[PDB]
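To start, the structure itself, in structure tokens.
Every chain is named by a letter (A, B, C, D and E) in the order it is written, and numbering of its residues begins at 1.
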């Protein structure tokens, strides 16, 4: 049982500060995903083995069930060595990969005495402690002695070791820009020896359409077409790669990808941006513990993993269709959406409910949403029932109806409301009583608002809702 | 070698609006008491002094970008409310920060769209410290004359935003000059 | 490089009602509980009147561009040929001598004269009470003028004199057409506070 | 403190308000309190002025005289206990508590205004 | 062997890659660099304070409690979640942790109580461009700063002969008025220091064990690294950046990239570091501090 872990995704994906940031992020998550996919496929080619042997992929992980042969082990070790060489050559700290495997027998897989979970934890532990020792002696000496003439940090990509070129961009990030430009229009990605973007095994990735992909097939070229969630392709080495690539900015009159301002410039509220991050809280046990004592088979673990992958890689794309939001990092257990402040919140709640349906209220979501001004480095942009029923549905609707029916009460009146509410003093409460007496709303609105302000939980909900209003 | 400390207090003759958030004003995200970033002080002094004349302004603040490199000789530090003002306002029950309302007139239309701005209360006192690093003996008198000129211009100008609109006028009081490292006499130096 | 300071006092000929707080109170310093004249109001009225004096066209009405002299004196920095403002207006505070007079004679700082509203076809009245600084009170103001250039000084001070002269026959505050907020200027002083430019030949009435 | 609200609800009898009290019967009343409101809001220190003490005495003068004119005014001024609170304000010499009384009376006025024929 | 207490009272920017990044502690490289530049500015000699002095990294403290970095020891459980979220272990519980006596709920409580500061971004502009004269965009930029509660700060570990310690104390007296971070001249990073002795920290620093906990950022010299990595749990950290007054062009001078072990690595074979040279095409040598400060348990 062989397991692979990608070292530095959360750092390398979040060194983005440029104006084209959104284009790169879609290109960067896809770049890491395609790295993992091509490396796993290349491994399976080394093993002369089938694609069915890949149990799970996603995030920076991968799980394989390969033959327990000395030949297999020597090939794994050799390919690990070449792999580590290559990553040291290209990024040297930002991205690294780890290999680990631990023996298992048929009796183990058939779920005899829960030893499936024991071996799962053992392989996890060996993977997680081999990361401690990543560099041999000679490698670490080799790194420290290069008085090599090089240029300075890539603007889009924070890296000293990298060397910039035209317009202060290095090769890697310029290729990232190009493939990002091609992402929205073209659906197929090819593994070719000339290509655009540098890739592990002396290979390059470029973009294709079904027709020239077809010609490549009849060109009997050693190609692997990687698709954008397209079934019924039947083109050469069909690879329906699972990925959620959604962007509302392409729904406008211009098909070309636009910058972060396309979402900032919304006039329905403050010109800001919304960001959401989500992780399944009960996932470690779910893959490890699973269904206890009766269904912890390798078959059912595979089924569970695939169903989670399909949810986090298809359903989100269809759910997002009604929101001004763009999908950035999706897959594994991580969900990253960026867009308008209101749309981000509404989509977060809606996707939370939909997920509770898909897992039948067995798995939950932990999420956090913040507000930041436009064109802030997206790198630093990134570093339930009560909120829906009480705040968004009841108090927010009451306040919206009241403010829509009575005019002249803008952000100044609500901000005086805020000054009285945040400073939790009885003098502010009496002042608020007078202010609601002076306000020209229906008496029901005033009474409800005052009585909400009189309760700490209800005053906090009220301030949250009215802050959402502005 | 020696170091010279310039310490004192500054008053807002009229309200001050640095407004990094903007319409808020800069605060500390926990104490919520407003401050004055040293970047504002440094930038306004540098602009005024340069526009008062390029070797001396290069010498005080240091550019170190034009193929020749000069280390900064005068370090500005941030400011905070004096304890005296906090005590005084707490005793007299005075809000720390005001909120003035404003408008603007559309020509051919004469319909006013409102405006809200947040302003530091008049009469507050901030505490400031300057550190000067004497690296050339024969230059301290000229440098302090220049810094006095900069203070003089700043007293007759504004800090922050909307200065032409009537805010940001400041004043300097209770300034002392104390040597803290080394053995340079700092009793013949003045800043008003 | 020099700077010219303009000082004086603004006497309320009749009730002034700035009243930026919105009953219907008046702006007050929170250090002394007193009504003030914000400098931006003064500067805006000077801007509007001086612009209306010179050319003010339809296409000029559209954009808040204005005559080159007015823009030069008050600064635009909006499109292309930007001009940093040469003239800085400051706020006005309720002076100390009027403190002494209203303390010695026990005079209120703000009247509350009631007004009404007789709508037609019903003739039903509707009452209201507003606050306005008492007559005769004085406020102290200060101006600072920058000389970015040498020769133009005379023309800029001529335009400043014109602006003051127009403003003395107009209103600050609100309800000006309804009687409130007339002022006059007096006791003006012109002195070069920083620099080496003489100012003995310069006068603003 | 809203006990004023409670008493006003207890004073809606089978309808009449304080048995013949109208808000315009209160004209001189709120005029006096508002006039004092201005003169006090001008002040700086919480230690009351002593012509302000005289003015509070004059306010109590207006209270008994209004009570003398009308029976409904007498009932209003007695039950809702203007009179001890004025006495203790006179005894205390505190400005903030004076404004507290001011918003008290204004609360009475507003609630009664919404509580009418 | 004394410790040096640091209280700040002003926001400090410490930096990893750009100015708008904020970081809580600083490594021995920048600490030794600051000491060396302060020494040179003061004009005293550097030989004494070059090859005798051992400096540990800066670590945070709270009201009365001190902190140390999390050892990278293999605790054999399986949560592996609450402990991964832990970054600093209070000194009172250090030996408890190294003996596997820390419970999950206690770890959660420690994580809850560990508030010792918060992060902020202040936006700044630069009108030095044509803006002053002609229509030109003001250029906004941001800096990442980090502030402490009034009863917090950072502390040191220093050791050496008494004469070197006296020199260090003199230099710190000088240094409390320069900065210790990023935009020193823009209003950030002034501190007051105080010398304290702690009985518990002393006992911890003079214990006796079989393992070793690295408290600084070091790299073994060429001939000893081979034996150094016999049984090691470590993580490497890339350290780069420009240099101050080495040639005409600051934007053409950039220190050579260097790699060193982090501040929590565990070793089995003690090695001695060195002040590696990271210069080339320069007029004066540029130094980087890589010398360990062990605690034996």
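As a convention for this text, contacts are C-beta pairs under 8 Å (C-beta built on N, C-alpha and C of every residue); 3 or more make two chains touch, one makes a residue touch a chain.
In UniProt terms, the chains line up like this: B, C = CRISPR system Cms endoribonuclease Csm3; D = CRISPR system Cms protein Csm2; E = CRISPR system Cms protein Csm4.
Of the two interfaces, B-E and C-E, the higher number of touching C-beta pairs belongs to B-E. Centre-to-centre separation between chain B and chain E, using Cα means, comes to 32 Å.
Centre-to-centre, using mean CA coordinates, chain C is 57 Å away from chain E. In whole angstrom, the spacing between the mean C-alpha positions of chain A and chain B is 45.
Here the spacing of chain A and chain D, counted between their Cα centres, is 65 Å. Among the residues of chain C, none is in touch with two or more other chains.
Across the assembly, chain E contributes 132 as residues in contact with two or more other chains. By the contact rule set out at the top, the touching chain pairs are A-B, A-D, A-E, B-C, B-E, C-D, C-E.
On chain B, the positions that touch chain C within their shared complex are 14, 51-52, 94-95, 98, 100-102, 105, 107-108, 121-123, 152-153, 156-158, 162-167, 169. Taken in their complex, chain B has these residues touching chain E: 1, 3, 5, 20, 26, 28-30, 37-39, 41-43, 47, 61-62, 64-65, 67-69, 71-72, 75-78, 129, 131, 133, 135, 180-181. By the touch criterion stated above, chain A contacts chain B in their complex at residues 410-412, 415. Taken in their complex, chain E has these residues touching chain A: 17-18, 20-21, 72, 74, 78, 80-81, 121, 142, 219, 222, 225-226, 229, 232-236, 238, 240-241, 251, 254, 256-259, 276, 280.
Residues 10-11, 41-43, 118, 120, 122-124, 127, 132, 147, 149, 173-174, 177-179, 184-188, 190, 244-245, 248-250 of chain E are the ones that touch chain B when the two sit in their complex.
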